[PDB]
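Worksheet for the structure shown next.
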Amino acid sequence: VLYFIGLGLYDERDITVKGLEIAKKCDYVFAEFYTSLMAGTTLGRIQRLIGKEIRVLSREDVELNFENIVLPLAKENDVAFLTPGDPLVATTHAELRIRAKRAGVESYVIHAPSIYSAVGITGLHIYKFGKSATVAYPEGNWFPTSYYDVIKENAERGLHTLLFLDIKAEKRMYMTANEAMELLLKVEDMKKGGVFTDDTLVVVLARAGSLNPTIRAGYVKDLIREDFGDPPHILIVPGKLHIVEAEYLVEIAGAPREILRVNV
Amino acid sequence: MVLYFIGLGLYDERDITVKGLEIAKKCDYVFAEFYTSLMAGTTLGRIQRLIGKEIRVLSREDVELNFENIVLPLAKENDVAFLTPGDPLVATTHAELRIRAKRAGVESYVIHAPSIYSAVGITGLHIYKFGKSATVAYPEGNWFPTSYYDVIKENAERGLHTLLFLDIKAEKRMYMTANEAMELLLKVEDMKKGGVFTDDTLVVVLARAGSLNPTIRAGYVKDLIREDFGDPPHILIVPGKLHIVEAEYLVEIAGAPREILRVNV
Ligand SMILES: Nc1ncnc2c1ncn2[C@@H]1O[C@H](CSCC[C@H](N)C(=O)O)[C@@H](O)[C@H]1O
């Protein structure tokens, strides 16, 4: 069979006990580290924890040849496929389960802490998050802007917007919340929808999963050049705040106490 | 001087992270709450045996009213663990406890674990397409909440999926089933008539996420409303329009009818 096992948010210990015990017993172990960055560990530390050699796959290996590289072995052995965070969150790995089934290979999923739910540490109510988006790096003359519309739609409904940030693993490029803010300000100048400006309140979460992640809230004008530490980072554009959310942002995320006076 | 909020994960005692288990084992005192949710695939005894030290369970009142008198005093001179189902602070009331810790001069750290909020990715539905979430609560006497119906309406109108947390009477271990949630939604439809939830609505049910063998089913209300989805917990999802890849996963992994490919995509 094939096991999709999440490794978690930051280091090798973010794997669930369930996932660790299953990985330890698999005959072959594959993994990908292009969908996210685990800033607090190394391939070696992960390999030593599970006691197995890990065959790292590239995006092309997975998207073009998963059925030729992984499935053949999964047909005669217990195989594990490890991924940062949760394997089925903000990835297309669910597609691999379809491929596995069509190949007659049984698959199982072992979850792990995900950034999608870890944002609860920002004090923003999880149920208030609306549609999510990804801020992608412009490439050549191609400049992605769809994420701007997502914020607009959510904000109109008073919902928070989670913005996954881009990652180019092969080039070791990890988009910072600062770069995301800069990009959003440029899109605002092109669309002028009054969606993201210097006065917009934002929240930054960096290195969730670590013991001391950076949790900061404030206006773009003040946070755009602030050092949030090493990647990975995620950016959030809150919608209409409840007083309790504002209180946490002020007390824990260092937000301006003025956000306490929620305009009703 | 340190308080650790540690997530227990989705279903059984092995759903805690290695980090959470190792930290709990080194704490002087271990507390836990089982009112925001429950760990259906295990027991207090099994969690306690895995950690190796006594776990003091706190009631909703103990936490909401007396967290600062029961937990924080000990955290002042010792390392204290506070275990919670799922991922800490997904439950909306968790966060404020960190402010109480701050007020008491106690450092607090969060050790994450899987949450049903993120585990729904196993339904094959794209995470980014989930909109606002809602909870379907059991009506009681003169209280018949229906806001969750409006949440589905607003999400679906924008092509977004709706995650519906189902009610859980923790103290009595009573879990609302997907069937009961569907029945309530049909009743709300009868009262609002917005054409939001009917026998022809496509729904997805995820039961016992975290287990190696969760029940993942998708189909129309008319066919699923009386289906046995197995033991708790259940959540219900009302998807918005589907990407063909989402529909294929529902058909091939969740047993959805082929009709969803020509009706819901
Ligand atoms: N520990 C962490 N801290 C902050 N952001 C994180 C993070 N882990 C992932 N992200 C964010 O999410 C993006 C990857 S998207 C893949 C997410 C993963 N499956 C999960 O379940 O978490 C990163 O580029 C970053 O923007």
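One-based numbering along the chain as shown.
Determined by X-ray crystallography, 1.5 Å, according to the entry header.
Even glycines carry a Cβ here, placed using N, Cα and C.
Under the three-state DSSP scheme, A:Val89 (S-adenosyl-L-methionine binding site) falls in the coil class. Residues or ranges marked as S-adenosyl-L-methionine binding site by Swiss-Prot on the basis of sequence analysis: A:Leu9, A:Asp86, A:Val89, A:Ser114, A:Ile115, A:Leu165, A:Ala208, A:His233.
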If you count the other CB atoms within 10 A of the CB of A:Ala208 (S-adenosyl-L-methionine binding site), including all protein chains displayed, you should get 28
Cβ under 8 Å from chain B, restricted to the binding-site residues A:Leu9, A:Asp86, A:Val89, A:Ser114, A:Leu165, A:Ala208, picks out A:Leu9, A:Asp86, A:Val89, A:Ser114, A:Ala208
Pairwise CA distances across A:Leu9, A:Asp86, A:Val89, A:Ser114, A:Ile115, A:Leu165, A:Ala208, A:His233 (listed as binding S-adenosyl-L-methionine) top out, in Å, at 16
Sparsest Cβ environment (other Cβ within 10 Å) among binding-site residues A:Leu9, A:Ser114, A:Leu165, A:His233 belongs to A:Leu165
